[PDB]
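All remarks here apply to the structure that follows.
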Amino acid sequence: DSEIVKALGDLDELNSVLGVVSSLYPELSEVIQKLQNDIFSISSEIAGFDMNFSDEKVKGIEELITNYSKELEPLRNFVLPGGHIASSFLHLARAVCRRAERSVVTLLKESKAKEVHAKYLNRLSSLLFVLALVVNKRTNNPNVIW
Amino acid sequence: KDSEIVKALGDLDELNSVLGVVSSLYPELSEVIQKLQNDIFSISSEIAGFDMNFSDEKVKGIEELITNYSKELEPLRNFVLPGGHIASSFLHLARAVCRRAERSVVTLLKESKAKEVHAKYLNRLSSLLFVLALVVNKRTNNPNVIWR
Amino acid sequence: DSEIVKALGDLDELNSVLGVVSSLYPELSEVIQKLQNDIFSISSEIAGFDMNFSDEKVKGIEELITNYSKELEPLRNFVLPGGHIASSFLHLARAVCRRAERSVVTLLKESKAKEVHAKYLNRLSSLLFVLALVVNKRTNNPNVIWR
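Here the protein sequences line up with chains C, A and B, keeping their order. In short: position in the first sequence from 1, add 22, done, that's the entry's author numbering. In short: position in the second sequence from 1, add 21, done, that's the entry's author numbering. In short: position in the third sequence from 1, add 22, done, that's the entry's author numbering.
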């Protein structure tokens with residue numbers, strides 16, 4: 023499937039931007055490597071393997087979204103990528119993750135992916151957004167608003 | 022969620038993210054870059070249904086920037102490859118992602134799912150990013166990398 | 023045609039990520055600029071020019087893969103992007119290079135690209151992965167590994 027290879031390709035780019043983020047903001051290495059691990063596992067299942075990837079994974083993202091949000095304050099306006107370099111790469115990560123989300127959904131409608139795959143990616147982009155806001159807040163970088 | 026529209030919007034989001042990376046790396050151009058990001062968000066917004074009278078004045082604004090920034094540059098006699106100062110390399114990348122976003126919006130031009138001004142702007146923008154990449158290398162004393 | 027344009031765009035994105043790597047790890051600038059030079063020559067050929075880009079290019083890449091791999095030990099894990107910043111960007115380069123490969127291979131089937139283009143790009147992604155490990159090895163950054 024040219025569709026399968028596309029999805030895998032979007033996933034590889036995502037894992038790569040994630041590594042960039044990790045390299046720039048080591049403090050989040052532990053959390054980002056776990057997300058990268060999950061992406062590789064998702065990639066392996068789409069490729070034909072079976073890691074028994076379950077919904078527990080998605081709830082795990084939800085939990086992170088919640089715990090990191092406790093540091094943030096209200097999305098007053100719309101945020102434009104900016105601030106700390108790592109924050110800007112988290113935005114890039116969010117965008118690539120969303121592209122990978124569209125690709126996985128495409129395979130999902132043909133039964134070549136699991137709903138948990140598309141769902142995990144759906145929550146992941148949200149978490150990536152929260153992490154960009156977190157980086158700017160910890161490093162005292164104002165977010166850029168529209 | 023018409024795959025062609027969400028795709029165009031995805032490319033635009035990536036473009037604004039790369040532009041943010043440039044701004045982080047070269048804060049001396051943040052003011053100019055944020056204005057470009059604001060324009061990308063407006064374009065994106067209109068394509069998503071929220072028209073905001075995005076005017077062709079925007080395009081003129083870019084052509085003007087292209088003109089004033091080139092005044093700093095010598096006549097070019099080589100094909101430039103991405104390189105030099107880190108911000109210059111990312112500007113070249115912004116341009117490449119801008120050209121990809123340009124393609125998705127042009128596709129939306131048919132069926133009139135996007136304005137003709139959106140496509141025009143993106144086109145001039147990719148040219149501006151090229152000029153800015155050269156400007157950054159010139160101001161930081163970084164030779165441009167050239168083909169061959 | 024839109025196929026050609028998309029292929030050219032992926033090659034252009036690839037060349038830019040390579041430029042980013044060079045700026046971050048200047049000690050590899052000479053070899054990375056040669057790859058950038060070939061990507062541009064390849065793009066030119068797809069756009070209509072002729073640089074007489076030959077299999078000799080491909081062989082040059084395999085030689086680089088071989089020689090750089092000599093600094094490395096046997097690999098017993100799947101490596102995830104990480105470590106030194108330039109290593110993470112080489113992985114990105116590899117990913118975008120694979121995307122460019124897919125587009126060029128699509129042109130191959132319609133005789134809008136040369137077989138040497140596709141093969142060059144296929145070898146290139148392998149070289150990029152090796153360069154990523156070499157960078158981490160030389161800068162004492164452990165590779166990130168699945169699990």
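All residues carry an ideal CB built from backbone N, CA and C; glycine is no exception.
TODO: Pull up the CB-CB distance for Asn37 (chain C) and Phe62 (chain C), whole angstroms please, since I reckon it's below 8 Å.
DONE: Here residue 37 (chain C) is taken as the residue at index 15 of the first sequence, counted from 1. Here residue 62 (chain C) is taken as the residue at index 40 of the first sequence, counted from 1. Sure, about 7 Å apart at Cβ, within 8 Å.
Task: N-terminal and C-terminal residue of the alpha helix (DSSP H) that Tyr47 (chain A) is part of - done: Position 26 of the second sequence, counted from the start, is the residue given in the question as residue 47 (chain A). Following the DSSP letters along the chain, one finds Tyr47 (chain A) in no alpha helix (DSSP H), marked with neither H nor E.
- [ ] With distances taken Cα to Cα, identify the nearest neighbour of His106 (chain B) among C:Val27, C:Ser91, C:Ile26 and C:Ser44.
- [x] What you label residue 106 (chain B) is simply residue 84 of the third sequence in a count that begins at 1. Closest option to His106 (chain B), Cα to Cα, is C:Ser44.
Open item on the list: Could you give the first and the last residue of the continuous alpha helix (DSSP H) run that contains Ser63 (chain B)?
Closed with: Counting from one through the third sequence, the residue named residue 63 (chain B) turns up at place 41. Its alpha helix (DSSP H) spans residues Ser51 to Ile68.
Task: Interface positions of the stretch 103-120 of chain B facing chain C (Cβ-Cβ less than 8 Å), listed along the chain - done: The stretch 103-120 of chain B vs chain C, Cβ under 8 Å: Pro103, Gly104, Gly105, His106, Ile107, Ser109, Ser110, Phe111, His113, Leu114, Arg116, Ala117, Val118 and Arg120.
Open item on the list: Can you confirm whether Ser147 (chain C), when its beta carbon is compared against all beta carbons of chain B, has any partner nearer than 8 Å?
Closed with: Counted from its first residue, the first sequence places residue 147 (chain C) at position 125. For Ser147 (chain C), the answer is no, since every Cβ of chain B falls outside 8 Å of its Cβ.
Task: Rounded straight-line distance, which links the Cα of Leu94 (chain B) to that of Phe71 (chain C) - done: Position 49 of the first sequence holds residue 71 (chain C). Position 72 of the third sequence holds residue 94 (chain B). Going by the C-alpha atoms only, they are around 28 Å apart.
Task: Contacts that residue 226 (chain B) makes with chain A (C-beta to C-beta distance below 8 Å) - done: What is shown of chain B runs 23 to 169, which leaves residue 226 (chain B) out entirely.
Task: Closest by C-alpha distance to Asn163 (chain B), when choosing among B:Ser91, B:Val27, B:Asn99 and B:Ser110 - done: On the third sequence, position 141 is the one that residue 163 (chain B) refers to. If we check each option's Cα against that of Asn163 (chain B), B:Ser110 comes out closest.
Task: Endpoints, alpha helix (DSSP H) assigned at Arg116 (chain C) - done: Stepping through the first sequence from its first residue, residue 116 (chain C) is reached at position 94. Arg116 (chain C): member of the alpha helix (DSSP H) spanning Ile107 to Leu130, first to last residue.
TODO: Starting from the C-beta of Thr128 (chain A), find all residues in its chain whose C-beta is less than 8 Å away, skip the five residues before and the five after it, and write them out in chain order.
DONE: Within the second sequence, residue 128 (chain A) is the residue found at index 107, counting from 1. Cβ within range, chain order: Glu25 and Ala29.
Task: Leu149 (chain B) in three-state terms, based on DSSP - done: Numbered from its first residue, the third sequence carries residue 149 (chain B) at position 127. Helix at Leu149 (chain B).
Open item on the list: Measuring alpha carbon to alpha carbon, tell me which residue in A:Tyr47, A:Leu149, A:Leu155 and A:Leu143 is nearest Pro96 (chain A).
Closed with: Along the second sequence, read from residue 1 onward, the residue named residue 96 (chain A) stands at position 75. For the options A:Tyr47, A:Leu149, A:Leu155 and A:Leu143, the alpha carbon positioned closest to that of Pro96 (chain A) is the one of A:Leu155.
TODO: Quick one: residues in its chain with C-beta nearer than 6 Å to the C-beta of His139 (chain C), no 5 flanking neighbours on either side, listed in chain order?
DONE: The residue given as residue 139 (chain C) occupies position 117 in the first sequence. Answer for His139 (chain C): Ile64 and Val126, listed in chain order.
TODO: With a 10 Å radius around its C-beta and 16 neighbouring C-beta atoms as the bar for buried, classify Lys92 (chain B) as buried or exposed.
DONE: Against the third sequence, residue 92 (chain B) aligns to sequence position 70. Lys92 (chain B) is classed as exposed because its beta carbon has fewer than 16 other beta carbons within 10 Å across all chains shown.
TODO: Mind checking the stretch 155-169 of chain A against chain B and listing, in chain order, the residues whose C-beta falls within less than 8 Å of any C-beta there?
DONE: Here the close residues are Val166, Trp168 and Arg169.
Task: Under 9 Å from the C-beta of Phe62 (chain B): neighbouring residues of chain A - done: Residue numbering aside, residue 62 (chain B) sits at position 40 when the third sequence is read from its first letter. Near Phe62 (chain B) (Cβ distances below 9 Å), the residues of chain A are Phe100, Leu102, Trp168 and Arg169.
- [ ] Select from A:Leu153, A:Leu40 and A:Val166 the residue whose C-alpha is nearest the C-alpha of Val166 (chain C).
- [x] Here the question's residue 166 (chain C) lines up with position 144 in the first sequence. Taking only the C-alpha atoms, the option nearest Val166 (chain C) is A:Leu40.
Task: DSSP three-state assignment for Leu102 (chain A), whether helix, strand or coil - done: For the purposes of this step, residue 102 (chain A) is identified with residue 81 of the second sequence, where counting begins at 1. Three-state DSSP puts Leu102 (chain A) in a strand.
- [ ] Could you tell me whether the Cβ atoms of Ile83 (chain C) and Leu146 (chain C) are closer together than 8 Å?
- [x] Reading the first sequence from its first residue, position 61 is the one you call residue 83 (chain C). Reading the first sequence from its first residue, position 124 is the one you call residue 146 (chain C). For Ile83 (chain C) and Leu146 (chain C), yes; Cβs fall inside 8 Å.
Task: Residue-level contact to chain C via CB, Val152 (chain A), 8 Å cutoff - done: What you label residue 152 (chain A) is simply residue 131 of the second sequence in a count that begins at 1. When Cβ-Cβ separations below 8 Å define contact, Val152 (chain A) makes no contact with chain C.
- [ ] Could you tell me which of C:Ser148, C:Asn158, C:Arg160 and C:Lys159 sits nearest to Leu86 (chain C), measuring between CA atoms?
- [x] In the first sequence, counting from the first residue as 1, residue 86 (chain C) sits at position 64. Answer by Cα proximity: C:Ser148.
Open item on the list: Can you confirm whether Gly82 (chain A), when its beta carbon is compared against all beta carbons of chain C, has any partner nearer than 8 Å?
Closed with: The count along the second sequence starts at 1 and reaches residue 82 (chain A) at position 61. For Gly82 (chain A), the answer is no, since every Cβ of chain C falls outside 8 Å of its Cβ.
Open item on the list: Please report the distance separating the alpha-carbon of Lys79 (chain B) from that of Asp32 (chain B).
Closed with: Residue mapping note: residue 79 (chain B) aligns to position 57 of the third sequence, counting from 1. Residue mapping note: residue 32 (chain B) aligns to position 10 of the third sequence, counting from 1. Taking the Cα positions, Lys79 (chain B) is about 20 Å away from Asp32 (chain B).
- [ ] Excluding the 5 residues preceding and the 5 following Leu46 (chain A) in the sequence, name in chain order all residues of the same chain whose CB lies nearer than 8 Å to its CB.
- [x] Taking the second sequence and counting its residues from 1, the one referred to as residue 46 (chain A) is at position 25. The beta carbon of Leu46 (chain A) sits closer than 8 Å to the beta carbons of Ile107, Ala108 and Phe111 from its chain, once the five residues preceding and following it are set aside; these are given in chain order.
Task: Residues that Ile167 (chain A) bridges to, as DSSP identifies them - done: As a working note, residue 167 (chain A) is residue 146 in the second sequence. DSSP, once it has assigned bridges, lists A:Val101 as partnering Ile167 (chain A).
TODO: With a 10 Å radius around its C-beta and 16 neighbouring C-beta atoms as the bar for buried, classify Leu130 (chain A) as buried or exposed.
DONE: Mapped onto the second sequence, residue 130 (chain A) falls at position 109. Exposed, because fewer than 16 other Cβ atoms sit within 10 Å of the Cβ of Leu130 (chain A).
Open item on the list: Counting C-beta neighbours from all protein chains within 10 Å, is the total for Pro103 (chain A) 16 or more, i.e. buried, or is it exposed?
Closed with: Indexing the second sequence from 1 puts residue 103 (chain A) at position 82. Within a 10 Å sphere around the beta-carbon of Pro103 (chain A) sit 16 or more other beta-carbons, which makes this residue buried.
TODO: Please report the residue range of the alpha helix (DSSP H) in which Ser91 (chain C) lies.
DONE: The residue you call residue 91 (chain C) lines up with position 69 of the first sequence. Residues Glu78 to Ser91.
Open item on the list: Just to confirm before moving on: does the CB-CB distance between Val42 (chain C) and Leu150 (chain B) stay below 8 Å?
Closed with: In the first sequence, residue 42 (chain C) corresponds to position 20, counting from 1. In the third sequence, residue 150 (chain B) corresponds to position 128, counting from 1. No. Outside cutoff.
Open item on the list: Helix, strand or coil, according to DSSP, for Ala140 (chain A) in the structure here?
Closed with: Indexing the second sequence from 1 puts residue 140 (chain A) at position 119. When DSSP states are grouped into helix, strand and coil, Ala140 (chain A) belongs to the helix group.
Open item on the list: Taking the straight line between their C-alpha atoms, what separation do you get for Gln55 (chain B) and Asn144 (chain C)?
Closed with: As a first step, residue 55 (chain B) is located in the third sequence; it is residue number 33 there, counting from the start. As a first step, residue 144 (chain C) is located in the first sequence; it is residue number 122 there, counting from the start. Taken atom to atom, the span from the alpha-carbon of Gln55 (chain B) to that of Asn144 (chain C) is near 38 Å.
Open item on the list: Can you give me the C-alpha to C-alpha distance between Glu52 (chain A) and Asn59 (chain A), rounded to a whole angstrom?
Closed with: The residue you call residue 52 (chain A) lines up with position 31 of the second sequence. The residue you call residue 59 (chain A) lines up with position 38 of the second sequence. Between the alpha carbons of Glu52 (chain A) and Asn59 (chain A) lies a gap of roughly 11 Å.
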